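**Student:** Can you keep this structure in mind? I'll have questions shortly.
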Amino acid sequence: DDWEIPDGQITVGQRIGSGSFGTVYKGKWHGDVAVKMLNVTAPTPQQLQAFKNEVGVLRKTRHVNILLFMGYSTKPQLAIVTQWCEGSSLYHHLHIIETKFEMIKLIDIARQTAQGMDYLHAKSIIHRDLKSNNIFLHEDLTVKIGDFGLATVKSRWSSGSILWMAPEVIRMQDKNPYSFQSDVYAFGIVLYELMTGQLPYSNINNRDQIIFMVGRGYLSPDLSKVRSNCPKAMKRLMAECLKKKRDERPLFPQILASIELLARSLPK
Ligand SMILES: CCCS(=O)(=O)Nc1ccc(F)c(C(=O)Nc2cnc3n[nH]c(OC)c3c2)c1F
């Protein structure tokens, strides 16, 4: 049963992981691994059980598009270990190395990512912070969605990502704004990243202004910066995913359907 990895087995190496939510190290354990050390100090069994609890959510995931969870650690520190993806994250491709994909690929990356979420949603998991940074890109062919773990551990132990936030999320309204449709909107944003190779609202220099405006639905993404080689009913789908009221957003089965439809409507 238990997925714990005893001390000394894992061999930590190069550093890459930033943030106060945890530090990611490249490692070696039955091959190259990724290790996210939770960068706490030494928390008390009320917290330990809460970690064990978040793992219990991860092991529910077995899907080519979901980043592979391989085991957790405790004795050196609290840790989650995953497969190591060679190649770079989606945010890196579009926004740092300016990688121009064929339109066929862009549509595919979408399909896979949508595929990944439909799964997560079927197993009652809300990603809550899907963004192109969390969409890893293996051997430059396969989509691997990460960072959906540890939702509990953010609230129990008290920036960025605002671009992906649906209105209801942005305006920090009630205690639970996070829904499936919450994630769909964040998807809509990556759809806009793919089709325009650009972050939205890049012509507004004051963050709080974005935040206020998105939350009140005064400013939404500029769909007209899609390239010409992009399909007509791609715009329609982004529009669907990006709706201000969350009811109007389609769920992933239906999104997926619309992508498969337009995907195999392109090569001819
Ligand atoms: C899979 C479910 C567990 S989770 O907590 O949702 N996500 C989760 C947990 C632990 C990790 F190390 C990671 C992670 O970012 N891994 C990771 C894996 N391979 C990489 N190649 N290049 C990178 O960047 C340079 C990588 C980063 C992760 F995304």
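Each answer follows from the model by the rule given with it, or from the source it names; nothing here is a laboratory result. Using ideal geometry, Cβ is built from the backbone for each residue, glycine included, and neighbour counts are taken over all protein chains shown.
**Student:** Just name the residue that is farthest from the chain's Cα centre (by Cα) out of those in segment 15-42 that are in a loop (DSSP other than H, G, I, E, B) and near the ligand (Cβ under 9 Å from one of its atoms).
**Tutor:** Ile16
**Student:** Quick check: anything in segment 43-57 under 20 Å from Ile135 (Cα atoms), within 12 Å of the ligand (Cβ to nearest atom) and outside any helix (DSSP H, G or I)?
**Tutor:** no
Every residue, every condition in (1) polar (S, T, N, Q); (2) surrounded by fewer than 16 Cβ atoms within 10 Å (Cβ to Cβ), yes or no:
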{"site": "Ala186", "(1), (2)": "no, no"}
{"site": "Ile189", "(1), (2)": "no, no"}
{"site": "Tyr192", "(1), (2)": "no, no"}
{"site": "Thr196", "(1), (2)": "yes, no"}
{"site": "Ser202", "(1), (2)": "yes, yes"}
{"site": "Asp222", "(1), (2)": "no, yes"}
{"site": "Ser228", "(1), (2)": "yes, yes"}
{"site": "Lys232", "(1), (2)": "no, yes"}
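**Student:** Here is a list of conditions, (1) surrounded by fewer than 21 Cβ atoms within 10 Å (Cβ to Cβ); (2) within 30 Å of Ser202 (Cα to Cα), and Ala110 meets all of them except one; can you say which number that is?
**Tutor:** (1)
**Student:** Output the residues belonging to segment 72-82 that are farther than 11 Å from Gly27 by Cβ and either within 6 Å of the ligand (Cβ to nearest atom) or in a strand (DSSP E or B) (or both).
**Tutor:** Passing the criteria: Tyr72, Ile80.
**Student:** Also, quick follow-up: Tell me, yes or no, whether segment 122-142 has at least one residue that is closer than 28 Å to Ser228 by Cβ, more than 15 Å from the ligand (Cβ to nearest atom) and either surrounded by 15 or more Cβ atoms within 10 Å (Cβ to Cβ) or outside the structural domain of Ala50 (by CATH) (or both).
**Tutor:** Checked against the condition, which is being closer than 28 Å to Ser228 by Cβ, more than 15 Å from the ligand (Cβ to nearest atom) and either surrounded by 15 or more Cβ atoms within 10 Å (Cβ to Cβ) or outside the structural domain of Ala50 (by CATH) (or both), segment 122-142 yields no hits at all.
**Student:** Continuing with the same structure: Which members of segment 190-224 meet the condition of being aromatic (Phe, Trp, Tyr) and more than 25 Å from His92 (Cβ to Cβ)?
**Tutor:** Within segment 190-224, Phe212, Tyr218 qualify.
**Student:** Restricting to segment 89-114, and then to whatever is part of a loop (DSSP other than H, G, I, E, B) and closer than 26 Å to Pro231 by Cβ, can you tell me which residue is farthest from the ligand (Cβ to nearest atom)?
**Tutor:** Among them, the one singled out is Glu102.
**Student:** For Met172, work out the one condition from (1) within 16 Å of the ligand (Cβ to nearest atom); (2) more than 18 Å from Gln254 (Cβ to Cβ) it doesn't fulfil.
**Tutor:** Going through the list (1) within 16 Å of the ligand (Cβ to nearest atom); (2) more than 18 Å from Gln254 (Cβ to Cβ), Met172 breaks only (1).
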